[PDB]
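One chain comes next, on its own, written as structure tokens: the form deposited without the named molecule.
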């Protein structure tokens, strides 16, 4: 294939994430023939290691992904290490050499990517020094991959953005987002813009309401520590839900270039309504899971590392409003939670029921277009048809499709996609500042009410699909959740 000439530097190269997902993902790119000769991978972290040790660690990383050990070895040849502390300005000069050495060794003309697989606290610092100690390629591109999370509020995120903008331009910042880089999520645009019947129907005239669902069966388990101060709101809503919504609510772009796609999404985000106390109580529902029908389904407050006085949300459901002509009056329902009926990630576009009366006992109903993202990719379409009865009558039928085993094999894992995207400079599947900022502004307004405790905290049974209030949220507009569990 067309070879990719790039030099990647992994800050936090000794970390679990690197050897657990990053390195294997980069290996696949080698196997697929993308990375061939003109490329290098410079690992870095505080822990001192001689090349042999690092290369072995990499060897352990790509173990289960190896078939021909010789091919793997030829790959490992492209790795190098350098002990380094991120707070030491002078210490950076060591790294500059490592990078410029590897560059020479394989004749790589710039094209540098810096993957910060380190704690949030070091993002701004590392960025600042890459610029100061002339680590940025004087030719070719320079791109930065910011691991999650990007801020914990609007202000912290704005701060982070400021620090990064002192060394990079926004179109060079590639923020990691799991669900945005998922095969099915990218289908949305194709379904919509690729089929005129849907494209022309993507608006208020045909759509009754849109639904996004991020359901998880598991509970908090051990993530209690950080989860207790983040909850579903920041963990699932602010990032995954919000960006998926972006693909759905976007206008029709002038073309499919990441630039036009982004401008299109932003048009929507800029129209999103930010709520006040009263509105958050009306359009949103915050809940925490209680006990299930068994003992092992312990209430949230009985989970390890969870404070008894906690009023943290293990579930969030709310209505989004877009002040755009296209979505005038079209509700966007979102929900994400733990200890729910089943692991499911899906989007349900509910179309308005036709007004043509057949005189049947059962008149026309609402058609539903459904995109199943997790676990198995699927696309369903509930249509109106004639029931098999003596008298003329209508009913709904489900037209369905599922990914094949072949599609299931050739599908690239998230990290490999994101990393590969960055190498090509494809920001299409990435959140930009405008989107991230709005998402934060939006969530910030909600968090305010929750921290202040000026909103009730519902409770629900472990195994259900949430609190009753969730269903009542939609019933208020005469709607209902398509996915029932």
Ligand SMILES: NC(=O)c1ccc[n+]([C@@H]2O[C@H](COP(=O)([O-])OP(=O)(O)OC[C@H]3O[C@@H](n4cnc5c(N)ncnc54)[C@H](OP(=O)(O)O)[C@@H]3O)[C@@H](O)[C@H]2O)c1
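Residue numbers count along the first chain shown, from 1.
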Averaging the C-alpha temperature factors as deposited, the higher value of 254 to 262 versus 293 to 301 falls on 293 to 301
Can you let me know which of the two, 452 to 460 or 58 to 66, has the higher average C-alpha B-factor in the entry? 58 to 66
Of the residues 143, 82, 286, 338, the one carrying the largest Cα B-factor as recorded: 82
Please pick out which of 243, 211, 195, 229 has the largest Cα B-factor as recorded in the entry. 229
Would you mind ranking residue 391 by its C-alpha B-factor against the rest of the chain and naming the third, lowest, middle or highest? middle
What third of its chain, lowest, middle or highest, does the C-alpha temperature factor of residue 327 fall into? lowest
Relative C-alpha B-factor of residue 131, binned into the chain's lowest, middle or highest third: middle
In terms of the chain's CA B-factor thirds, is residue 275 lowest, middle or highest? middle
Give the position of residue 370 by CA B-factor within its chain, expressed as the lowest, middle or highest third. lowest
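In what follows, reference is made to the form deposited with the named molecule bound, a form of this protein that is not presented.
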Contacting member of 291, 157, 118, 135, with respect to the named molecule in the bound PDB entry [4.5 Å, heavy atom]: 118
Contact residue in the bound PDB entry, chosen from 287, 164, 86, 347 - any heavy atom within 4.5 Å of the named molecule: 86
Test of understanding: in the bound PDB entry, would residue 16 fall inside 4.5 Å of the named molecule by heavy atoms? yes
My question is simply whether residue 256 lines the interface with the named molecule in the bound PDB entry - judged by any non-hydrogen atom within 4.5 Å. no
Decide whether residue 12 counts as a contact residue for the named molecule in the bound PDB entry under a heavy atom distance cut-off of 4.5 Å. yes
Find out whether any non-hydrogen atom of residue 358 is located within 4.5 angstroms of the named molecule in the bound PDB entry, and reply yes or no. no
With a 4.5 Å heavy atom cut-off to the named molecule in the bound PDB entry, the contacting stretch among 454 to 462, 40 to 48, 435 to 443, 421 to 429 is 40 to 48
Whether 122, 147 and 415 all lie within 4.5 angstroms of the named molecule in the bound PDB entry by heavy atom: yes
